[PDB]
Amino acid sequence: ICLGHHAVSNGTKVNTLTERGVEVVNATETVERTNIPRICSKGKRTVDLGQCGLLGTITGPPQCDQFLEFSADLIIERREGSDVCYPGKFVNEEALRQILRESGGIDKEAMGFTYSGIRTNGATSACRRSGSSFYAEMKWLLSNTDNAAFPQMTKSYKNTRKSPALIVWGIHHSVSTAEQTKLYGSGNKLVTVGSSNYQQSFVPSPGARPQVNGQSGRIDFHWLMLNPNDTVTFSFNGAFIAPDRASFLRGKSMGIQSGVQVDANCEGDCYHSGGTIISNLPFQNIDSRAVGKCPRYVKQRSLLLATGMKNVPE
Amino acid sequence: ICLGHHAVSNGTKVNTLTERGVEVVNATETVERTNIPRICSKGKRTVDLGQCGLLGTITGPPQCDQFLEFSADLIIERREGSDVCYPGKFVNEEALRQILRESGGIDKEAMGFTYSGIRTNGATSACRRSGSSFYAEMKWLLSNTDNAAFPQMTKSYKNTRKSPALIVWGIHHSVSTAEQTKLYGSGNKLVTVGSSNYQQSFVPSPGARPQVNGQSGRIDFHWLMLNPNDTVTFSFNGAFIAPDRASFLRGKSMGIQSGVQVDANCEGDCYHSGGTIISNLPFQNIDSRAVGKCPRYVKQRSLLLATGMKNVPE
Amino acid sequence: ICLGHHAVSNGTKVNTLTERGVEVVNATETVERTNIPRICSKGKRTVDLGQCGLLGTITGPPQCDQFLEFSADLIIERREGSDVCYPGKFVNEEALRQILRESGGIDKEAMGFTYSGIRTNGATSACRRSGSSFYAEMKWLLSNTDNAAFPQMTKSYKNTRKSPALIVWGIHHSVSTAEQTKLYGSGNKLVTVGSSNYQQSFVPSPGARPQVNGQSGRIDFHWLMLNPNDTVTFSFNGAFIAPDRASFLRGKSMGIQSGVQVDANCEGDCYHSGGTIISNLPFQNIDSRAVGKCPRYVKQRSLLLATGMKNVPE
Amino acid sequence: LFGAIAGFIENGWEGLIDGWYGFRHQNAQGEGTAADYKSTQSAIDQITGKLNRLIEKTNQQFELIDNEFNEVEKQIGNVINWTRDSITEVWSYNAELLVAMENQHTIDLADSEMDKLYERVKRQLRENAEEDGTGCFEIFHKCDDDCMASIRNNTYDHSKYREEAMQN
Amino acid sequence: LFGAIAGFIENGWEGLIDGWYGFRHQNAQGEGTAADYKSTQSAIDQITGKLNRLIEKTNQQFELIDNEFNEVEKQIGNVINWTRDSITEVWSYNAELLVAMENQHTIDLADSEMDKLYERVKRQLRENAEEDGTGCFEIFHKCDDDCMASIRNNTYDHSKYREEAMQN
Amino acid sequence: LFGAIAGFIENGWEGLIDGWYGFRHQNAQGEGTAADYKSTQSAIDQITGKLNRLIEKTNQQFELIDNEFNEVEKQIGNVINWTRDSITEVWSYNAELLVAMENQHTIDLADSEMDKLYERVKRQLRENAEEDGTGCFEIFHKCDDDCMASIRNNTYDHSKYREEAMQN
Ligand SMILES: CC(=O)N[C@H]1[C@H]([C@H](O)[C@H](O)CO)O[C@@](OC[C@H]2O[C@@H](O)[C@H](O)[C@@H](O)[C@H]2O)(C(=O)O)C[C@@H]1O
Ligand SMILES: CC(=O)N[C@H]1[C@H]([C@H](O)[C@H](O)CO)O[C@@](OC[C@H]2O[C@@H](O)[C@H](O)[C@@H](O)[C@H]2O)(C(=O)O)C[C@@H]1O
Ligand SMILES: CC(=O)N[C@H]1[C@H]([C@H](O)[C@H](O)CO)O[C@@](OC[C@H]2O[C@@H](O)[C@H](O)[C@@H](O)[C@H]2O)(C(=O)O)C[C@@H]1O
Ligand SMILES: *[C@@H]1O[C@H](CO)[C@@H](O)[C@H](O)[C@H]1NC(C)=O
Ligand SMILES: *[C@@H]1O[C@H](CO)[C@@H](O)[C@H](O)[C@H]1NC(C)=O
Ligand SMILES: *[C@@H]1O[C@H](CO)[C@@H](O)[C@H](O)[C@H]1NC(C)=O
Ligand SMILES: *[C@@H]1O[C@H](CO)[C@@H](O)[C@H](O)[C@H]1NC(C)=O
Ligand SMILES: *[C@@H]1O[C@H](CO)[C@@H](O)[C@H](O)[C@H]1NC(C)=O
Ligand SMILES: *[C@@H]1O[C@H](CO)[C@@H](O)[C@H](O)[C@H]1NC(C)=O
Ligand SMILES: *[C@@H]1O[C@H](CO)[C@@H](O)[C@H](O)[C@H]1NC(C)=O
Ligand SMILES: *[C@@H]1O[C@H](CO)[C@@H](O)[C@H](O)[C@H]1NC(C)=O
Ligand SMILES: *[C@@H]1O[C@H](CO)[C@@H](O)[C@H](O)[C@H]1NC(C)=O
């Protein structure tokens, strides 16, 4: 009696410790190359920001009017999104995004600030609603008249909540020293900001910048996280965009950036810009910056795992 | 004649390349789970800072009076510690801590600065000793009288040592412009600082902050490391906390943060907040941020290593 | 008939999973220890900067006159190199170096700025050419007379190229307020800088610094990358070192720092400060900071790989 | 490696599609190529066990540390990339090594299960047969489709057949 | 794998507490279950060698890069955590693979030391005995507690016992 | 491990310099120590294959992230070093494990190729010889330098020599 083993005509080459391209009976892939070009969001509370920039959800330009209090498990940032109506930018902007990405969304709360002896309704054609408007969560504070002066004020807000209060204000930089006075009166203007945690201070810096959204002035946005029972204090005298509302984190989420569309028909946990990686494989060669729960990125396109004996034909 | 192998009634399940839970005769753990809830410091020159904050050892608030020149192999920071009597904070504070943590302690040296035509003994009830005092290593420089003016001075200190000289100064921010003048006289006050290495400059920023330690003003602490034979120069005119002494690193140490007590009866080399990991195992699941000489942190609670053959009973 | 295996007198001890120092017939090293103490640059467009500092190639101190438009695959920085004639330094200097290191070199282009009603030829004995000169790519802008005043100007430059335009300017800090006025007239001087991307602003800070290159003033160098079709705008009024030319990246290169000499007789791809690592081995114990295409750094001096059976003598 | 598959056995049977290891005898009553189950199955449950070890679930979430719509500052940007690339080299290495090591073992494993089949058929037909040297056994007592079944399913009497073959 | 432990040998001896591999004969003078030392010891010195390779001493110190009393700035904080978690995945993987690989080898190693014991007792009793097929050897010349010792300690004459058994 | 090299075979031949595995017979016509090629070569092509797997080419460039002429800011500096040291531990571990694992396998591999040589010389000289127990075969029909060559190059008739030896 004789005994042997099975074999096949066309087998699969694999690599070993000792060889490269040794044929075995069967193999299976170990590295994921298959992408689905959609944001698989089945079963997840999802928010696609579209034209609203993530930081805009805090300040409130018109793009973000429907996002001032969003709630999500999954936040999607889009290339067309803007944090801004009136031209400007945030200091430590990316840290803030990462915070907002894992926030579960935001709840807003009035800080209560009341004003006496200044203007309060400063607006612009860069922020269109009815006509000229401003950031919905912010207050463009002004001298009473088309010159006048600005009484060095002090506003204070106490976080009476069990969570950190995201506070945001702005420093306005006018086209000129002429403009800065026509808005806030004359003299070196100063904004100081402090909490039992925090310690900073600001002077505007007027001058002509190039035109963005038809505007040559800029607004500098700054922020801090107020701990519970801690108080923040705003000592200012002009060039100042007052926070009207504060923001609180809802819970937990994941944020991604993508150019592909949402699909509530597929479930995914590993995301990147070009879609969703749905796989059981330990590795992937699709995108090294994929986020969520992903196989490990490798450089190799393919690594075949033997699922059979050596293939020996006659 | 027949031959077999030994076996046991109750064996130990382990995992293999091919299986999960295959029983072997004996096994041994590979992942450390056992903690000792004390700072094992046997044989080590140890300093427990208690209420003195690590950065306070440089500036000298009353909590740190017994730590102005400490010498250690192991430095322990405590949650109750404060770098500060008069409210304020350091710029690039964490970099400094990491420096102080591996310093082996500090030696102090007079910088020699002499003053003429100003006050020098500025104090506060936030820094209690006899009565009102100040940071022991610093000089609260003031205008001669309860208004007066401040002559724009220049002080220079040359590191005549073979090691870098840690220099630290402060910028004082008063409650108001009223207070800033009642202390240092009127006008935009400026402090400039430069070495053959370094290049910076400061203006105060008065305004009302919330009360910390019964005080609404703040002190901004800054620092630089002066290389040997390099000179540093302080051009100022007010709002300035002068360095009275400089600091030099003694050698080498390790710094930790902990809430558990010191034990000179056990020797450890791997520390974390909840104690000491004493182990020979290659891995641990106790604390991913453990410092010193530690097994590698892994997520698994347990990984059993076979120390015997497969267990086969009848 | 009998059969055995070969053996040798003196064999090579190796380590296994189970043993340490088991002798085998032959072995081979796996960790590279052999260095070549020269910069193997065979076949590569190489630039040794010598005394020119990498950042100097942008601003143009006399050391860098022959490097204002270099083109390279490999850039070598030297310890004796300086970015500076007139004492000063760059903000975010290291980021810039890393940019310049992988740039393939630079092309220069006039920004076109024309001036009327101020001086333009500001120089110093710190920048020697014929006699007193200045940075070749920069313009020391001044008030017309040995006092006079400075008309708050505005200059704008549009990147009309398909690549980002490296823009660089300087802020001059004089020895005093006396000097600042004798140069630029009186008053708080301000430079503002903005692009459809960027947003910043500067005030000088005069005061006596120690003498570097016989000079107690400093120049603060700042920079930004202007995207194509984006415009940058300089609103200023004094204390300002104007960019005369902009810089564009040529392509791709690698930058290293070394104290050893160039050798066009050897080809290398793995570099460090003490030379070139030429090896096929997967690992090296020479320098953990080696750059280019290198074996992986390991702590072990040696790890011997069995290339034969166990050696058993009689 | 054990020396069976691609060993003294010259090749495989591309007609054996009932299992991995089987039997084929050459007696009077025509032929018969068969299949062994408990050798086929045991090698299958082990390859299946390897494969099911490489499919797992990181409940380990990673977040964005970078921004592709708005580049982060260069210095931190470069540190991040440098870090990511270092980590990428590590995993690319781990993957390549894992698979090579696993395949080497899978192959030596299937070879093992041939040799363990053989060497116990050999011990079944005690002295009533001889090793040809190509995985074949010369039976010196003309076995049939009742005998041949008794070998295939391990029931062959390793004595009640003996001396008929012993003196031959 | 070699096919002895959990191989053709059906099970183990939970009364063999003198070593890992031993002997048990079934002759006239009652019984005797014994222990082999040089097979027991060699497998022990190898498991002991693996274990002593996993216990080592990083003279590699790591310092605090973080602060739990006073959180560092968010951006650098997130980079640090991201880095730490990546490194954690690496080590968790290394650990799991190391142990699985090591256990697989330890098991195949002990099986090996059974087969190496056997197959050389088999070569000691040249043609004076036969392989039963359960790890047992039928001696065809009634050996005793003097013979049985001579096998256990490798002194059995592989000829001066022969023909007494040969014709049986 | 298979139990040949440092197994029952007591030692090696420091005069066998023609290959890894060879033959040495002890008949009337003096002597002869030889070399087997296809066992020597197969073990060589496998060690050669391991070695050629550890020599490769990262087209993976890394750039400076640090500065040794001009130290970067302390905070980012410390993060970078902390990161580099973590990565260094990983590679030092990978290297040490790789080599230990590879050597273990190389050694068990050469042992394998001894046992595969032997066990098929054994199957060549069917019942015309016996296993001494030190890797030696007692031929019971006085073979010579024509026979001995026929074994060395696998041509020995495993029958046309038989009964001359069978009754001895
Ligand atoms: C509160 C206020 O003053 N709002 C103004 C606004 C601000 O003065 C300005 O944004 C601050 O820099 O200016 C508004 O129109 C500005 C106008 O300026 C012209 O020179 C330019 O040609 C126009 O495109 C436009 O930017 C504005 O809408 O912002 C009017 C508003 O009332
Ligand atoms: C050098 C000096 O002026 N020291 C003062 C100190 C400083 O003026 C002040 O810290 C600078 O901001 O003020 C001291 O008392 C301040 C006092 O202010 C009251 O309004 C408040 O109600 C009190 O709690 C207290 O803070 C001080 O102790 O710091 C007096 C000291 O002489
Ligand atoms: C444009 C201009 O003013 N150039 C001056 C230069 C500048 O005024 C100065 O660098 C700005 O701080 O000064 C120059 O000589 C300065 C001179 O100062 C003496 O006090 C000192 O003893 C000398 O060593 C020297 O530094 C210069 O060369 O920079 C003259 C130049 O015309
Ligand atoms: C090939 O391998 C994969 C993984 O085991 C499997 O899906 C498939 O069934 C295999 N082919 C055969 C012949 O079974
Ligand atoms: C927080 O708020 C509670 C409720 O008013 C108050 O009693 C308490 O003082 C606060 N906690 C702290 C930090 O003191
Ligand atoms: C179980 O394993 C460990 C590690 O070798 C050892 O301490 C212990 O002695 C073992 N038990 C027995 C039966 O020896
Ligand atoms: C350092 O000090 C010595 C001793 O006075 C001095 O001679 C020397 O000039 C200094 N070194 C340098 C950097 O010039
Ligand atoms: C020793 O090992 C190396 C690597 O294979 C090789 O260069 C050399 O030839 C070997 N020595 C012998 C005896 O061949
Ligand atoms: C870039 O330049 C082209 C050529 O003049 C111009 O037409 C176009 O408007 C610019 N692109 C952008 C960003 O608008
Ligand atoms: C980091 O790497 C990405 C590609 O992964 C590249 O596009 C980007 O330019 C790099 N970031 C920086 C700051 O250079
Ligand atoms: C980093 O991780 C720790 C837990 O390891 C977490 O507590 C902390 O919030 C994280 N840091 C930041 C800046 O989010
Ligand atoms: C980083 O490590 C290097 C050695 O590799 C050391 O010289 C340097 O001081 C370290 N950097 C910092 C910022 O401490």
# chains A, B, ... in the order shown; residues from 1 in each chain; ligands from 1
>>> residues_near_ligand(ligand="ligand 6", cutoff="6 Å", atoms="only C-alpha atoms and all ligand atoms", output="PyMOL selection string")
chain B and resi 26-28+307
>>> write_last_selection(atoms="N, CA, C and O atoms", output="mmCIF file, in the first residue's frame")
data_model
loop_
_atom_site.group_PDB
_atom_site.id
_atom_site.type_symbol
_atom_site.label_atom_id
_atom_site.label_comp_id
_atom_site.auth_asym_id
_atom_site.auth_seq_id
_atom_site.Cartn_x
_atom_site.Cartn_y
_atom_site.Cartn_z
ATOM 1 N N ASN B 26 2.663 22.903 33.258
ATOM 2 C CA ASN B 26 2.900 24.097 34.057
ATOM 3 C C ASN B 26 3.031 25.343 33.188
ATOM 4 O O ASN B 26 3.384 25.253 32.009
ATOM 5 N N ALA B 27 2.738 26.500 33.775
ATOM 6 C CA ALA B 27 2.876 27.779 33.085
ATOM 7 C C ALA B 27 3.451 28.825 34.029
ATOM 8 O O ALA B 27 3.553 28.593 35.236
ATOM 9 N N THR B 28 3.825 29.977 33.481
ATOM 10 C CA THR B 28 4.247 31.099 34.310
ATOM 11 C C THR B 28 3.825 32.426 33.676
ATOM 12 O O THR B 28 3.847 32.578 32.451
ATOM 13 N N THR B 307 5.712 26.240 30.475
ATOM 14 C CA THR B 307 6.939 25.738 31.089
ATOM 15 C C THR B 307 6.880 24.212 31.222
ATOM 16 O O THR B 307 7.543 23.621 32.081
#
>>> interface_residues(of="chain D", to="chain B", cutoff="8 Å", atoms="only C-alpha atoms", output="VMD selection string")
chain D and resid 46 to 50 53
>>> residues_near_ligand(ligand="ligand 8", cutoff="12 Å", atoms="only C-alpha atoms and all ligand atoms", output="PyMOL selection string")
(chain C and resi 6-8+10-12+24-30+281+304-309) or (chain F and resi 17-20+44-52+54-55)
>>> interface_residues(of="chain C", to="chain B", cutoff="10 Å", atoms="only C-alpha atoms", output="number ranges by chain")
C: 87-90, 173, 175-176, 188, 204-212, 216-220
>>> write_last_selection(atoms="N, CA, C and O atoms", output="PDB file, in the first residue's frame")
ATOM      1  N   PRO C  87      24.173  90.879  14.475  1.00  0.00           N
ATOM      2  CA  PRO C  87      23.612  89.940  15.457  1.00  0.00           C
ATOM      3  C   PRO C  87      22.084  89.929  15.473  1.00  0.00           C
ATOM      4  O   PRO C  87      21.440  90.979  15.377  1.00  0.00           O
ATOM      5  N   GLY C  88      21.520  88.731  15.595  1.00  0.00           N
ATOM      6  CA  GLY C  88      20.082  88.552  15.590  1.00  0.00           C
ATOM      7  C   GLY C  88      19.750  87.079  15.483  1.00  0.00           C
ATOM      8  O   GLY C  88      20.642  86.232  15.613  1.00  0.00           O
ATOM      9  N   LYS C  89      18.478  86.767  15.247  1.00  0.00           N
ATOM     10  CA  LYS C  89      18.069  85.377  15.071  1.00  0.00           C
ATOM     11  C   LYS C  89      16.676  85.257  14.458  1.00  0.00           C
ATOM     12  O   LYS C  89      15.930  86.237  14.401  1.00  0.00           O
ATOM     13  N   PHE C  90      16.337  84.049  14.008  1.00  0.00           N
ATOM     14  CA  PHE C  90      15.053  83.775  13.367  1.00  0.00           C
ATOM     15  C   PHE C  90      14.033  83.208  14.346  1.00  0.00           C
ATOM     16  O   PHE C  90      14.377  82.418  15.232  1.00  0.00           O
ATOM     17  N   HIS C 173      15.869  96.000  16.594  1.00  0.00           N
ATOM     18  CA  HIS C 173      15.809  96.485  17.963  1.00  0.00           C
ATOM     19  C   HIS C 173      17.089  97.252  18.281  1.00  0.00           C
ATOM     20  O   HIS C 173      18.172  96.667  18.353  1.00  0.00           O
ATOM     21  N   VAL C 175      19.748  99.896  20.436  1.00  0.00           N
ATOM     22  CA  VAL C 175      20.339  99.918  21.775  1.00  0.00           C
ATOM     23  C   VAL C 175      19.471 100.688  22.773  1.00  0.00           C
ATOM     24  O   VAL C 175      19.486 100.405  23.972  1.00  0.00           O
ATOM     25  N   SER C 176      18.712 101.657  22.266  1.00  0.00           N
ATOM     26  CA  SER C 176      17.946 102.571  23.107  1.00  0.00           C
ATOM     27  C   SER C 176      16.696 103.108  22.413  1.00  0.00           C
ATOM     28  O   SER C 176      16.424 102.777  21.258  1.00  0.00           O
ATOM     29  N   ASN C 188       5.719 104.890  19.219  1.00  0.00           N
ATOM     30  CA  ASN C 188       5.615 103.430  19.170  1.00  0.00           C
ATOM     31  C   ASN C 188       5.507 102.948  17.721  1.00  0.00           C
ATOM     32  O   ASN C 188       4.502 103.196  17.051  1.00  0.00           O
ATOM     33  N   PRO C 204       8.874  96.992  17.830  1.00  0.00           N
ATOM     34  CA  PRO C 204      10.255  96.738  18.251  1.00  0.00           C
ATOM     35  C   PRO C 204      10.370  96.760  19.765  1.00  0.00           C
ATOM     36  O   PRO C 204       9.385  97.025  20.460  1.00  0.00           O
ATOM     37  N   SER C 205      11.566  96.493  20.269  1.00  0.00           N
ATOM     38  CA  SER C 205      11.804  96.498  21.700  1.00  0.00           C
ATOM     39  C   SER C 205      13.239  96.879  21.995  1.00  0.00           C
ATOM     40  O   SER C 205      14.075  96.015  22.250  1.00  0.00           O
ATOM     41  N   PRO C 206      13.525  98.185  21.965  1.00  0.00           N
ATOM     42  CA  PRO C 206      14.885  98.693  22.151  1.00  0.00           C
ATOM     43  C   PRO C 206      15.378  98.554  23.592  1.00  0.00           C
ATOM     44  O   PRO C 206      14.574  98.492  24.526  1.00  0.00           O
ATOM     45  N   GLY C 207      16.696  98.524  23.755  1.00  0.00           N
ATOM     46  CA  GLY C 207      17.332  98.258  25.031  1.00  0.00           C
ATOM     47  C   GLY C 207      18.726  97.717  24.763  1.00  0.00           C
ATOM     48  O   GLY C 207      18.983  97.183  23.684  1.00  0.00           O
ATOM     49  N   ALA C 208      19.637  97.860  25.723  1.00  0.00           N
ATOM     50  CA  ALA C 208      21.010  97.391  25.529  1.00  0.00           C
ATOM     51  C   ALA C 208      21.161  95.879  25.733  1.00  0.00           C
ATOM     52  O   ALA C 208      20.899  95.371  26.827  1.00  0.00           O
ATOM     53  N   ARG C 209      21.581  95.173  24.677  1.00  0.00           N
ATOM     54  CA  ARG C 209      21.965  93.755  24.762  1.00  0.00           C
ATOM     55  C   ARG C 209      23.488  93.668  24.825  1.00  0.00           C
ATOM     56  O   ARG C 209      24.171  94.645  24.510  1.00  0.00           O
ATOM     57  N   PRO C 210      24.033  92.504  25.225  1.00  0.00           N
ATOM     58  CA  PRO C 210      25.499  92.396  25.192  1.00  0.00           C
ATOM     59  C   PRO C 210      26.032  92.446  23.753  1.00  0.00           C
ATOM     60  O   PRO C 210      25.268  92.242  22.806  1.00  0.00           O
ATOM     61  N   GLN C 211      27.323  92.714  23.591  1.00  0.00           N
ATOM     62  CA  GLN C 211      27.894  92.879  22.257  1.00  0.00           C
ATOM     63  C   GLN C 211      28.189  91.568  21.539  1.00  0.00           C
ATOM     64  O   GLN C 211      28.973  90.748  22.020  1.00  0.00           O
ATOM     65  N   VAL C 212      27.564  91.391  20.378  1.00  0.00           N
ATOM     66  CA  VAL C 212      27.871  90.280  19.478  1.00  0.00           C
ATOM     67  C   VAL C 212      28.333  90.842  18.131  1.00  0.00           C
ATOM     68  O   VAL C 212      27.619  91.637  17.511  1.00  0.00           O
ATOM     69  N   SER C 216      25.502  95.833  19.852  1.00  0.00           N
ATOM     70  CA  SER C 216      24.582  95.643  20.978  1.00  0.00           C
ATOM     71  C   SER C 216      23.109  95.688  20.586  1.00  0.00           C
ATOM     72  O   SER C 216      22.230  95.429  21.416  1.00  0.00           O
ATOM     73  N   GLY C 217      22.831  96.038  19.336  1.00  0.00           N
ATOM     74  CA  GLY C 217      21.476  95.942  18.830  1.00  0.00           C
ATOM     75  C   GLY C 217      21.226  94.544  18.285  1.00  0.00           C
ATOM     76  O   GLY C 217      22.176  93.784  18.066  1.00  0.00           O
ATOM     77  N   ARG C 218      19.958  94.199  18.067  1.00  0.00           N
ATOM     78  CA  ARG C 218      19.609  92.917  17.450  1.00  0.00           C
ATOM     79  C   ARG C 218      18.639  93.099  16.277  1.00  0.00           C
ATOM     80  O   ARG C 218      17.885  94.075  16.228  1.00  0.00           O
ATOM     81  N   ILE C 219      18.667  92.159  15.335  1.00  0.00           N
ATOM     82  CA  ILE C 219      17.635  92.080  14.298  1.00  0.00           C
ATOM     83  C   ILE C 219      16.801  90.797  14.433  1.00  0.00           C
ATOM     84  O   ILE C 219      17.334  89.681  14.384  1.00  0.00           O
ATOM     85  N   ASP C 220      15.496  90.962  14.618  1.00  0.00           N
ATOM     86  CA  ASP C 220      14.581  89.825  14.672  1.00  0.00           C
ATOM     87  C   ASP C 220      14.145  89.425  13.262  1.00  0.00           C
ATOM     88  O   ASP C 220      13.493  90.204  12.570  1.00  0.00           O
TER      89      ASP C 220
END
>>> interface_residues(of="chain E", to="chain D", cutoff="10 Å", atoms="only C-alpha atoms", output="list in words")
residues 1, 2, 3, 4, 7, 8, 75, 76, 78, 79, 80, 81, 82, 83, 85, 86, 87, 89, 90, 93, 94, 97, 101, 130, 131, 132, 133 and 134 of chain E
>>> write_last_selection(atoms="N, CA and C atoms", output="CSV table (one decimal), in the first residue's frame")
chain,number,residue,atom,x,y,z
E,1,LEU,N,5.9,19.4,15.0
E,1,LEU,CA,5.4,18.3,16.0
E,1,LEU,C,5.8,16.9,15.5
E,2,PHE,N,6.1,16.1,16.5
E,2,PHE,CA,6.7,14.8,16.2
E,2,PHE,C,5.8,13.5,16.4
E,3,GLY,N,4.6,13.7,17.0
E,3,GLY,CA,3.6,12.7,17.0
E,3,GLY,C,3.7,11.7,18.2
E,4,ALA,N,4.2,12.1,19.3
E,4,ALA,CA,4.3,11.2,20.5
E,4,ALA,C,3.3,11.6,21.6
E,7,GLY,N,0.2,12.0,20.7
E,7,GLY,CA,0.3,11.3,19.4
E,7,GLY,C,-0.2,9.9,19.6
E,8,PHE,N,0.5,8.9,19.0
E,8,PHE,CA,0.0,7.5,19.1
E,8,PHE,C,-0.1,7.0,20.6
E,75,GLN,N,-2.2,70.5,22.1
E,75,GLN,CA,-1.6,70.0,20.9
E,75,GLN,C,-0.4,69.0,21.2
E,76,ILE,N,0.6,69.4,22.0
E,76,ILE,CA,1.7,68.5,22.3
E,76,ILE,C,1.2,67.3,23.1
E,78,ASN,N,-1.8,65.8,22.9
E,78,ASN,CA,-2.3,64.8,21.9
E,78,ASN,C,-1.3,64.1,21.1
E,79,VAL,N,-0.3,64.8,20.7
E,79,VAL,CA,0.9,64.1,20.0
E,79,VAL,C,1.5,63.1,20.9
E,80,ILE,N,1.8,63.4,22.1
E,80,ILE,CA,2.4,62.5,23.1
E,80,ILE,C,1.5,61.3,23.3
E,81,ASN,N,0.2,61.5,23.6
E,81,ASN,CA,-0.7,60.3,23.8
E,81,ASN,C,-0.8,59.4,22.6
E,82,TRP,N,-0.9,60.0,21.4
E,82,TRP,CA,-1.0,59.4,20.1
E,82,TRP,C,0.3,58.5,20.0
E,83,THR,N,1.4,59.1,20.3
E,83,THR,CA,2.7,58.4,20.2
E,83,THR,C,2.7,57.2,21.2
E,85,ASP,N,0.1,55.6,22.7
E,85,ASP,CA,-0.8,54.5,22.3
E,85,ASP,C,-0.2,53.7,21.1
E,86,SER,N,0.4,54.4,20.1
E,86,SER,CA,1.0,53.6,19.0
E,86,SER,C,2.1,52.6,19.5
E,87,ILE,N,3.0,53.1,20.4
E,87,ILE,CA,4.0,52.3,21.0
E,87,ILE,C,3.3,51.1,21.9
E,89,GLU,N,0.4,49.6,21.3
E,89,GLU,CA,-0.1,48.6,20.3
E,89,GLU,C,1.1,47.7,19.9
E,90,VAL,N,2.2,48.3,19.6
E,90,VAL,CA,3.4,47.6,19.2
E,90,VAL,C,3.8,46.5,20.2
E,93,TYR,N,1.3,43.7,20.8
E,93,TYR,CA,1.5,42.8,19.7
E,93,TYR,C,2.7,41.9,19.9
E,94,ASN,N,3.9,42.5,20.1
E,94,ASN,CA,5.1,41.8,20.4
E,94,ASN,C,4.9,40.7,21.5
E,97,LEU,N,2.6,37.8,20.4
E,97,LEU,CA,3.2,36.9,19.4
E,97,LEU,C,4.4,36.1,20.0
E,101,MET,N,4.3,32.1,20.0
E,101,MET,CA,5.4,31.4,19.3
E,101,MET,C,6.2,30.6,20.2
E,130,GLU,N,9.7,-5.9,19.3
E,130,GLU,CA,8.9,-5.2,18.3
E,130,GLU,C,8.1,-4.0,18.8
E,131,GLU,N,7.8,-3.1,18.0
E,131,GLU,CA,7.0,-1.9,18.3
E,131,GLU,C,5.5,-2.3,18.4
E,132,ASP,N,4.9,-2.2,19.6
E,132,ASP,CA,3.5,-2.5,19.7
E,132,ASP,C,2.7,-1.4,18.9
E,133,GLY,N,3.0,-0.2,19.2
E,133,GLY,CA,2.3,0.9,18.5
E,133,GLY,C,1.6,1.9,19.4
E,134,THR,N,1.9,1.7,20.7
E,134,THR,CA,1.3,2.6,21.7
E,134,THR,C,2.5,3.1,22.6
>>> residues_near_ligand(ligand="ligand 9", cutoff="10 Å", atoms="only C-alpha atoms and all ligand atoms", output="list in words")
residues 159, 160, 161, 162, 227, 228, 229 and 230 of chain C
>>> select_by_dssp(residues="segment 42-165 of chain D", states="strand (DSSP E or B)", output="PyMOL selection string")
chain D and resi 62+129-131+136-139
>>> residues_near_ligand(ligand="ligand 1", cutoff="9 Å", atoms="only C-alpha atoms and all ligand atoms", output="PyMOL selection string")
chain A and resi 86+120-127+132-133+140-142+146+172-176+179-180+182-183+211+213-219
>>> residues_around(residues="residue 61 of chain A", least_positions_apart="2", cutoff="12 Å", atoms="only C-alpha atoms", output="PyMOL selection string")
chain A and resi 51-59+63-68+81-88+123-129+132-138
